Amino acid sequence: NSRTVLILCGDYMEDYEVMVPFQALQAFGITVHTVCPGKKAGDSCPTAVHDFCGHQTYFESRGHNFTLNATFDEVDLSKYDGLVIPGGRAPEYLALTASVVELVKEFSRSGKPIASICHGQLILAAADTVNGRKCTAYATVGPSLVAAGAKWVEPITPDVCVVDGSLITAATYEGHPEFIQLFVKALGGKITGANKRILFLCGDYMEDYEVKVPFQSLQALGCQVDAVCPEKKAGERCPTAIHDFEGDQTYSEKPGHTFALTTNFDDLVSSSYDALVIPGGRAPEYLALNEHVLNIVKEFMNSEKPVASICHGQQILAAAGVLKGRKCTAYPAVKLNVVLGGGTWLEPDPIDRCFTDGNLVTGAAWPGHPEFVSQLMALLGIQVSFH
């Protein structure tokens, strides 16, 4: 509504760098279409998980499969307000697809906003639309951007972002917060009431998407967001799980990106936060056995403060006993816990639908992030206005 954005997808694009923008932009009220040359709506793109394990370069792994919702060569550029270019290993080959470069050129002339991250810039270079343009990218793309005539801004840190009129660029997904806020501002958006402090309850093997997307999305808004995990210091990292359906009766499990806690668990002053968020995956099942974690949940529910849990997150809510006489949804399987917890089941159909019950927001699976964050914003007083 009011704004429509087009994301340029491709095989092996960085998981994070495609889903975070796809869902955040939606949670803010922007329609988003995803396309990939030679593919139609409903088709799938494999994705890459780029991370660092102590080598001179990043290590790669397979992320979730990403389904396109729009068809390439059937898109009317005139009908889009902005364009986003994901990173990973897709730009490398997309940057050499005639129809892709023609598209980025055409859009580039309209003067409309273009947000490119990591290796995405390579496409910009091929289209030769960066001359004299200030900009940044993954350190490795610098030679190509300088040779393209760009005003290269070396990324001293993974988070640095750069703007030059309608050209927004980022080095890595660590800069998603600012990357996204700028593309929003660039779309004529205004964010209000975003001066909140949210606490995320994390743990080992939490769902990759279910942590990153909600987390960064809330950061792009401007909130101060912290994440903790029992027995871990503000530097520790948590391994994540990538849950996806690949044909069998239940989802499959694969290693995702490594997540970094921001605060120490022991030094946690719950009263200082305006909200609490619980990611799903396999972490909730063991976090729910933790006394300290439960008390934290109790405090937020007692204070009638906003609480947003997704997927298996509700397992911690049911164990806190805070679901009694409460309406909510969860991952289809954890309906067991909701009922046993004393809550009233809300059918999660479609799977992307989330529900609000007073101070309680719940989601079923990662496909519900748009409504998930959107409804947590409402309980927070955060709005995003355009036109």
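All residue numbers are counted from 1 along the displayed sequence.
Higher mean CA temperature factor between 22-30 and 325-333: 325-333, per the PDB entry.
The stretch 288-296 shows the higher mean C-alpha B-factor when 246-254 is compared against 288-296 in the entry. As recorded in the entry, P350 carries the highest CA temperature factor of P37, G63, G42, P350. You'll see in the entry that, of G120, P143, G149, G235, the Cα B factor peaks at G235.
Among the modelled residues of its chain, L83 has a C-alpha B-factor that falls in the middle third according to the deposited record. When the modelled residues of the chain are ordered by their C-alpha B factor, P158 lands in the middle third. The deposited CA B-factor of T67 belongs to the lowest third of values across its chain. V5: CA B factor in the middle third of modelled residues in this chain (values from the PDB entry). Sort the modelled residues of the chain by CA B factor and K185 lands in the middle third.
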